[PDB]
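Trainee: using only what follows, build the 3D model:
(chains A and B, ligands or ions: 2)
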2 protein chains.
Amino acid sequence: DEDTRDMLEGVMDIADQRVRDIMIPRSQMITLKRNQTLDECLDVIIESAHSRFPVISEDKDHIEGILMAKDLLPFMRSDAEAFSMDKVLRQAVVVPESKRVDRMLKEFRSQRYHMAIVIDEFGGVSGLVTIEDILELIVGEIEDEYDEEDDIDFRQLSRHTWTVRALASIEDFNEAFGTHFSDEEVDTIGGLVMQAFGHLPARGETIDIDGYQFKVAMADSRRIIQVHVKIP
Amino acid sequence: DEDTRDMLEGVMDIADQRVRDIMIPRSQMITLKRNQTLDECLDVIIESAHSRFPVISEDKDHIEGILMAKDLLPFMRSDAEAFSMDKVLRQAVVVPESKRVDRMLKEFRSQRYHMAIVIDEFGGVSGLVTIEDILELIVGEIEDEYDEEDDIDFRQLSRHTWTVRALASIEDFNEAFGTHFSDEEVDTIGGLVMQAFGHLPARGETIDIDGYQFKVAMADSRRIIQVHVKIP
Ligand SMILES: Nc1ncnc2c1ncn2[C@@H]1O[C@H](COP(=O)(O)O)[C@@H](O)[C@H]1O
Ligand SMILES: Nc1ncnc2c1ncn2[C@@H]1O[C@H](COP(=O)(O)O)[C@@H](O)[C@H]1O
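Mentor: Residues are numbered from 1 along each chain as shown, chains lettered A, B, ... in the order given. Ligands and ions are numbered 1, 2, ... in the order given. Now the structure:
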């Protein structure tokens, strides 16, 4: 089967891949500062709906440790005290960008924890990395099957990856992802893609349009059906 | 490499496996009841340190939905109201035990949610199942490497699986896991195992002692080094 093949291959990546291949870049990092009121911290956590957040020093200097949202539950009882960024400040692990993904997985599983901090040679933070970013390597081409079709063109699938119906219009796609794609020649996403290709692709084929990775998720002998796109 | 081989094989399972192979049985299920004070619910959640919990009807009858611990964060602000088992009661998905693991993974990933409810033919709950129970199939033989050795004999690795040093004594092992294993002939865990075998096993070999699954995680040409055990 294909979806097996995908995973199988995804396994082979883990060797070849380094940590600098899966990290959330520092820009994209949703974090906190040791000097933030308990009240406001919850907003960040809620809008983002994560589980672990890096804590910036105070002057964007260093970054102290990591806060797990679940630790905030103690502070919620009756005979419960006031929160303070101290009991729940787990210090945090740092790793080179050069670190091998396989190795990361081992340590992840063995020390039992989910997020680390990636740094460059020069001691700057490049970003962060997590266990799920690893499993996505194997499990990321994996999704359900759709027949008639669903009003939902676009679906988030992993961090940077959406599974979009090919029949979705360039109009509707551009709105959603805020993209600047063009029609006239073609009106739907599958036509855009098929045009970039210049032939009718088969599943797995990939093509770069304007820094966006498009991969033929699903296609027959007449037409592209589903395509995954990776936001840059 | 071996740890690749493991994963690769773990992928092959996903086809052959059904949902009734990975579920947490109803006994082992950490849950809640719609009629539990906000205060006490936190205790359950904290001791267990989970993320999603099934809510029992009120008379152990049906089970209503699932509560995600993160939803409890809204109720923690200043201008925040009183919690009520209603806004945070997501209804919950149910599946046959017969369900194919691959299929489950697809739906898991596509609808984006992590836990489901397994039922038998007759409409009884058999247990629950989650996305991580799936990824463990591929990623569960995966751990770090140890040289000298660490005072830590035993380590949790996944739900039912500990990675124990072979040099660990039957004495110390029995205490920990509450087991009734015997010495005289042999004093360490690797000897117990090697004795059950009757030869020096190679990595991957498995042997059932008293309902406990032992698998040679790590062994050379002289001795068993690490072994994983699956609590029944
Ligand atoms: N504090 C954070 N900052 C940036 N990205 C995050 C953060 N926490 C989680 N993520 C990302 O969101 C994914 C799911 O984690 P979570 O949302 O915490 O369940 C991870 O694989 C990361 O890619
Ligand atoms: N409410 C629950 N009852 C029983 N087992 C659970 C529950 N929540 C999570 N688990 C188990 O714990 C693992 C990790 O989930 P969590 O502890 O929620 O991060 C899952 O793979 C399940 O096997």
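Trainee: could you tell me the angle between the helix ranked longest in chain A and helix B:2-16?
Mentor: Ranked by residue count and defined by DSSP state H, the top helix of chain A is helix A:2-16. In terms of direction (axes from the mean of the first three to the mean of the last three C-alpha atoms, to 10 degrees), helix A:2-16 departs from helix B:2-16 by 170 degrees.
Trainee: and the contacts of helix A:2-16?
Mentor: Outside of helix A:2-16, the residues that reach it under the criterion C-beta atoms under 8 Å, 6 or more residues apart in numbering or on different chains are A:100-102, A:105, A:134, A:137-142, A:203, B:1, B:4, B:7-8, B:11-12, B:14-15, B:102, B:106, B:138. No exception for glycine: its C-beta is placed from N, CA and C like everyone else's.
Trainee: helices and strands around the helix or strand containing residue A:175, which ones?
Mentor: The secondary structure element spanning residue A:175 is helix A:170-177 (assigned by DSSP states H and E). Contacts defined by 3 or more C-beta pairs under 8 Å, 6 or more residues apart in numbering or on different chains; DSSP states H and E place helix A:170-177 against helix A:189-197.
Trainee: following element in sequence after the helix it packs on, please.
Mentor: Under the assignment DSSP H and E, the closest C-terminal helix or strand after helix A:189-197 is strand A:206-208.
Trainee: now do the SS call for the residue lying farthest from the centre of chain A.
Mentor: If you look at how far each residue of chain A sits from its centre, by C-alpha atoms, centre = their mean, the farthest one is residue A:79, at 38.8 Å. Under the three-state scheme (DSSP: H, G, I helix; E, B strand; the rest coil), the conformation of residue A:79 reads as coil.
Trainee: over to residue A:225?
Mentor: Criterion first, three-state DSSP; result for residue A:225: strand.
Trainee: that one reaches residue A:166, doesn't it?
Mentor: Yes: in this structure, residue A:225 sits in contact with residue A:166. The criterion is C-beta atoms under 8 Å, and the distance is 5.5 Å.
Trainee: would you mind splitting chain A into its domains for me?
Mentor: A:1-147, A:148-232 (curated CATH domains).
Trainee: and the gap between the residue lying closest to residue A:134 once chain neighbours are set aside and residue A:130?
Mentor: In space, residue A:134 comes closest to residue A:105 once its chain neighbours are excluded; the distance is 5.3 Å by C-beta to C-beta, 6 or more residues apart in numbering or on different chains. Between residue A:105 and residue A:130 the computed distance is 11 Å (C-beta to C-beta, to the nearest Å).
Trainee: same check on residue A:122?
Mentor: Looking at residue A:122 against residue A:130, where the rule is C-beta to C-beta, the gap reads 23 Å.
Trainee: could I get the contacting residues of the nearest residue to residue A:152 once chain neighbours are set aside?
Mentor: Taking C-beta to C-beta, 6+ apart as the measure, residue A:152 lies nearest to residue A:165, with 7.7 Å between them; neighbours along the chain are not counted. Going by C-beta under 8 Å, 6+ apart, residue A:165 touches A:146, A:149, A:150, A:152, A:153, A:154, A:189, A:225, A:226.
Trainee: tabulate those residues (a markdown table), appending neighbour count and distance to residue B:54.
Mentor: Listed next are the contacts of residue A:165 as a markdown table, based on neighbours: other C-beta atoms under 10 Å in any protein chain shown; distance: C-beta to C-beta, whole Å:
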| residue | neighbour count | distance to residue B:54 |
| --- | --- | --- |
| A:146 | 14 | 29 |
| A:149 | 13 | 33 |
| A:150 | 9 | 28 |
| A:152 | 11 | 28 |
| A:153 | 19 | 33 |
| A:154 | 16 | 31 |
| A:189 | 26 | 39 |
| A:225 | 18 | 37 |
| A:226 | 23 | 33 |
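Trainee: closest to residue B:42 among those residues?
Mentor: The shortest approach to residue B:42 among those belongs to residue A:152, at 35.8 Å (C-beta to C-beta).
Trainee: mind checking how far that closest one is from residue A:139?
Mentor: Shown here: residue A:152 relative to residue A:139, a distance of 21 Å by C-beta to C-beta.
Trainee: ok, back up a step: for the residue nearest to residue A:134, grab phi and psi.
Mentor: When quoted as degrees, to the nearest 10, the phi and psi of residue A:105 stand at phi -60, psi -50.
Trainee: what's the answer for residue A:106, then?
Mentor: Given degrees, to the nearest 10, the pair of backbone angles that residue A:106 has is phi -50, psi -60.
Trainee: then the one 3 residues further on?
Mentor: Recorded main-chain torsions at residue A:109 are phi -70, psi -50, according to degrees, to the nearest 10.
Trainee: how many other residues sit next to the residue nearest to it when sequence neighbours are not counted?
Mentor: Taking C-beta to C-beta, 6+ apart, and ignoring the residues beside it in sequence, residue A:109 has residue B:142 as its nearest neighbour in space, at 5.2 Å. Counted with other C-beta atoms under 10 Å in any protein chain shown, the burial measure for residue B:142 works out to 21 neighbours.
Trainee: same question, residue A:30
Mentor: For residue A:30, the tally of surrounding residues (other C-beta under 10 Å) stands at 15.
Trainee: surely it touches residue A:44?
Mentor: Yes: under the criterion of C-beta under 8 Å, residue A:30 lies in contact with residue A:44, with a separation of 6.8 Å.
Trainee: isn't residue A:224 up against residue A:193?
Mentor: Yes: in this structure, residue A:224 sits in contact with residue A:193. The criterion is C-beta under 8 Å, and the distance is 6.0 Å.
Trainee: what do these two both touch?
Mentor: A:166, A:201, A:216.
Trainee: thinking again about what came up before, okay, residue A:122 and residue A:130: which has more neighbours?
Mentor: For residue A:122 against residue A:130, the residue with the higher neighbour count under other C-beta under 10 Å is residue A:130, and the figures read 21 against 5.
Trainee: what sits against the residue most central in space within chain A?
Mentor: With distances taken as C-alpha atoms, centre = their mean, the residue of chain A nearest its centroid is residue A:159 (1.8 Å). Each residue near residue A:159 by C-beta under 8 Å, 6+ apart is listed here: A:24, A:133, A:136.
Trainee: with distance to residue A:178 added, can I get those residues in TSV?
Mentor: As requested, those are exported to TSV (distance: C-beta to C-beta, whole Å):
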residue	distance to residue A:178
A:24	19
A:133	24
A:136	23
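Trainee: of those, list those near ligand 1.
Mentor: Filtering those for proximity to ligand 1 (criterion: C-beta under 6 Å from any ligand atom) leaves A:24, A:133.
Trainee: of the contacts of residue A:159, which belong to strands?
Mentor: Cross-referencing these with the strands (criterion: DSSP state E) gives residue A:24 as the overlap.
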